[PDB]
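Colleague: The structure follows.
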Amino acid sequence: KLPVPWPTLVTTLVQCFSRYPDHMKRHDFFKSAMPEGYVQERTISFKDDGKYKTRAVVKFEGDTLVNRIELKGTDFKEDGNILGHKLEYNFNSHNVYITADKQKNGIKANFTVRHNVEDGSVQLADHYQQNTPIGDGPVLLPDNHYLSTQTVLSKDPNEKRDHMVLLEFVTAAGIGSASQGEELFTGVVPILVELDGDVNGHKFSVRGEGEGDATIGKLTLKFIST
Amino acid sequence: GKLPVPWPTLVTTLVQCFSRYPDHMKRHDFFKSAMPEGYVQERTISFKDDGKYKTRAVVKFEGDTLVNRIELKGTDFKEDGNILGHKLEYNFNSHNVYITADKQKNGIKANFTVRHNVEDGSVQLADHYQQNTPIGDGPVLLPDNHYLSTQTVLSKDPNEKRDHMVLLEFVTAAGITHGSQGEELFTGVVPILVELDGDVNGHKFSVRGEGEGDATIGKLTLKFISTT
């Protein structure tokens with residue numbers, strides 16, 4: 001059983017599947033870094049509580065887009081909203097504000113997730129993010145813009161393990177193929193997610209599998225606490 | 001063609017019989033108990049600082065299919081407001097809809113506020129006033145106070161020329177921790193047809209939706225298309 005609520009892991013558990021409208025295709029850093037991929041690092045500060053620090057490698061392995069993550073959580077309160085499992089099983093819509101990080105040839109992002117708490121309060125999770133390409137080839141450095149998200153969380157009635165079924169749609173806003181990497185996302189792409197986590201000493205792992213359809217911005221994934 | 005109002009404002013109008021009621025709450029599922037005859041769903045939707053929808057719907061089985069047939073009348077909308085000006089974001093937030101019994105007319109009632117995100121970063125409130133009455137004289141379940149918790153995502157079909165909305169939602173009942181033949185009609189996946197006849201500020205339109213619902217898991221999948 002996960003020592004943290006599933007919704008707190010959603011943002012850590014592949015922005016290359018975002019729908020970039022045609023007029024914005026030149027601003028899609030994430031696909032342009034493929035197939036070699038990018039490193040995505042975040043600090044997630046849960047206000048009045050602890051923080052996650054994450055580092056992920058997102059790249060193709062053959063036909064599969066893989067997101068392999070190491071997560072480290074510290075300074076959490078034993079019966080705060082996170083370790084005390086006080087968060088509703090849902091995930092609100094957010095805007096992910098992206099800016100170029102020119103001299104590191106990557107991007108940064110900032111956004112604040114709002115997790116609904118059982119008692120009607122809200123638990124904020126302030127995200128700071130930086131992505132750096134792994135490969136040597138040129139990438140697309142964007143003008144400032146944002147990604148707007150929508151997500152539904154559910155359970156598989158046949159799954160006895162602790163798990164999360166996720167469906168999300170993400171579209172870019174706020175501004176032929178623009179990169180060769182973009183062409184690797186033309187159809188439905190299988191996804192593998194592997195997370196190794198330690199939060200206040202509670203060790204855990206998550207494996208997710210599913211597929212993404214970047215033309216529509218859609219992700220469908222099932223995650224299992226292994 | 002293009003609807004005169006934003007799709008998100010029609011989501012609540014466009015089948016609560018597909019809510020997942022947990023086993024211990026099965027004696028609180030009015031919506032399924034009214035089946036298969038059905039129920040009349042009537043709403044006032046008051047958009048803050050703007051117009052209002054009045055809606056009248058018939059929700060019943062047409063043989064195998066669960067059908068939601070609605071008449072909507074929208075009045076007093078500002079031509080440059082958030083609704084007629086199409087200034088609402090294409091999403092739909094999670095809500096808790098509080099259900100109470102309306103014993104005197106053998107149905108339920110609900111008052112809830114939808115918060116529609118506006119393009120300028122603000123919110124457009126839509127206060128909903130709902131009343132549901134069973135269509136027949138048979139027995140129905142009048143529930144204790146509880147709520148429905150919803151999650152919805154809206155999307156588009158990239159090759160659909162017509163104004164349309166792809167919708168997926170999960171809804172589960174909650175708020176009771178204590179523990180009908182219509183219930184049997186939802187044992188598996190049920191096909192759904194939605195037909196809406198609309199008039200907002202004199203702009204007439206129609207919507208047709210098709211999909212299915214699985215009340216055992218609370219899941220609804222529908223594609224809606226403008227048909228006039």
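Every chain in the structure tokens has a letter given in the order shown (A, B, ...), and although residue numbers restart at 1 in each chain, ligands are simply numbered from 1 in the order shown.
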When you get a sec, could you note down which chain A residues fall within 9 Å of chain B, using only C-alpha atoms, as a list in words?

Modeller: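 The complete set of qualifying residues is residues 90, 91, 92, 93, 149, 150, 151, 152, 153, 154, 155, 156, 157, 167, 168, 169, 215, 216, 217 and 218 of chain A.
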
Colleague: Find the spatial neighbours of segment 105-115 of chain A, counting only C-alpha atoms, within a cut-off of 6 Å - ignore same-chain residues fewer than 6 positions away - and output them as an mmCIF file with N, CA and C atoms, in the first residue's frame.

Modeller:
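Produced file selection11.cif, reproduced below:
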data_model
loop_
_atom_site.group_PDB
_atom_site.id
_atom_site.type_symbol
_atom_site.label_atom_id
_atom_site.label_comp_id
_atom_site.auth_asym_id
_atom_site.auth_seq_id
_atom_site.Cartn_x
_atom_site.Cartn_y
_atom_site.Cartn_z
ATOM 1 N N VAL A 96 0.450 24.709 -16.642
ATOM 2 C CA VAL A 96 1.876 24.480 -16.444
ATOM 3 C C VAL A 96 2.584 25.549 -17.265
ATOM 4 N N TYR A 97 3.217 26.511 -16.609
ATOM 5 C CA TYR A 97 3.805 27.654 -17.310
ATOM 6 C C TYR A 97 5.252 27.341 -17.657
ATOM 7 N N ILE A 98 5.561 27.367 -18.950
ATOM 8 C CA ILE A 98 6.838 26.927 -19.491
ATOM 9 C C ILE A 98 7.608 28.133 -20.001
ATOM 10 N N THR A 99 8.911 28.150 -19.723
ATOM 11 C CA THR A 99 9.812 29.165 -20.250
ATOM 12 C C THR A 99 11.083 28.479 -20.728
ATOM 13 N N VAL A 122 -7.641 22.693 1.015
ATOM 14 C CA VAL A 122 -6.822 22.443 -0.164
ATOM 15 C C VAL A 122 -5.373 22.325 0.274
ATOM 16 N N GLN A 123 -4.661 21.374 -0.319
ATOM 17 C CA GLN A 123 -3.244 21.163 -0.063
ATOM 18 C C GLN A 123 -2.494 21.574 -1.320
ATOM 19 N N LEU A 124 -1.659 22.601 -1.207
ATOM 20 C CA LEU A 124 -0.897 23.106 -2.345
ATOM 21 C C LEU A 124 0.399 22.337 -2.504
ATOM 22 N N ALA A 125 0.771 22.102 -3.758
ATOM 23 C CA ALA A 125 2.023 21.436 -4.102
ATOM 24 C C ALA A 125 2.687 22.310 -5.159
ATOM 25 N N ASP A 126 3.682 23.086 -4.744
ATOM 26 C CA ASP A 126 4.320 24.068 -5.614
ATOM 27 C C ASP A 126 5.421 23.365 -6.388
ATOM 28 N N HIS A 127 5.327 23.393 -7.715
ATOM 29 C CA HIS A 127 6.245 22.664 -8.568
ATOM 30 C C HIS A 127 7.240 23.614 -9.213
ATOM 31 N N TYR A 128 8.522 23.259 -9.132
ATOM 32 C CA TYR A 128 9.578 23.882 -9.910
ATOM 33 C C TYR A 128 10.205 22.788 -10.760
ATOM 34 N N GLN A 129 10.337 23.029 -12.059
ATOM 35 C CA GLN A 129 10.722 21.962 -12.971
ATOM 36 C C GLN A 129 11.790 22.455 -13.937
ATOM 37 N N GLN A 130 12.740 21.583 -14.279
ATOM 38 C CA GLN A 130 13.685 21.909 -15.339
ATOM 39 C C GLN A 130 13.915 20.667 -16.185
ATOM 40 N N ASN A 131 13.976 20.853 -17.502
ATOM 41 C CA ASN A 131 14.177 19.753 -18.433
ATOM 42 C C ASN A 131 15.392 20.072 -19.286
ATOM 43 N N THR A 132 16.255 19.077 -19.488
ATOM 44 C CA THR A 132 17.463 19.263 -20.269
ATOM 45 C C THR A 132 17.551 18.121 -21.285
#

Colleague: Going by DSSP on the backbone, which residues of segment 28-177 of chain B come out as strand (DSSP E or B)? List them as a PyMOL selection string.

Modeller: chain B and resi 39-47+52-62+65-75+88+96-102+107-118+123-134+146-155+164-174

Colleague: Determine, counting only C-alpha atoms, which protein, DNA and RNA residues have an atom within 8 Å of an atom of residue 224 of chain A; residues of the same chain fewer than 2 positions away are not included. Present the result as a PyMOL selection string.

Modeller: chain A and resi 161-164+206-208+222+226

Colleague: Can I get the selected residues back with C-alpha atoms, as a PDB file, in the first residue's frame?

Modeller:
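The resulting selection_36.pdb:
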ATOM      1  CA  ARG A 161      -3.032  -4.412  -5.772  1.00  0.00           C
ATOM      2  CA  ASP A 162      -2.927  -0.755  -4.782  1.00  0.00           C
ATOM      3  CA  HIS A 163      -3.224   1.032  -8.093  1.00  0.00           C
ATOM      4  CA  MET A 164      -4.407   4.064 -10.023  1.00  0.00           C
ATOM      5  CA  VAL A 206       5.363   2.094  -9.015  1.00  0.00           C
ATOM      6  CA  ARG A 207       5.084   0.574 -12.486  1.00  0.00           C
ATOM      7  CA  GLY A 208       2.765   2.088 -15.070  1.00  0.00           C
ATOM      8  CA  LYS A 222      -2.615   2.109 -15.180  1.00  0.00           C
ATOM      9  CA  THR A 226       4.803  -3.021  -6.831  1.00  0.00           C
TER      10      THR A 226
END

Colleague: Skipping near chain neighbours, those fewer than 2 positions away, what residues fall within 8 Å of residue 17 of chain B using only C-alpha atoms, listed as a ChimeraX atom specification?

Modeller: /B:15,19,29,31-32,215
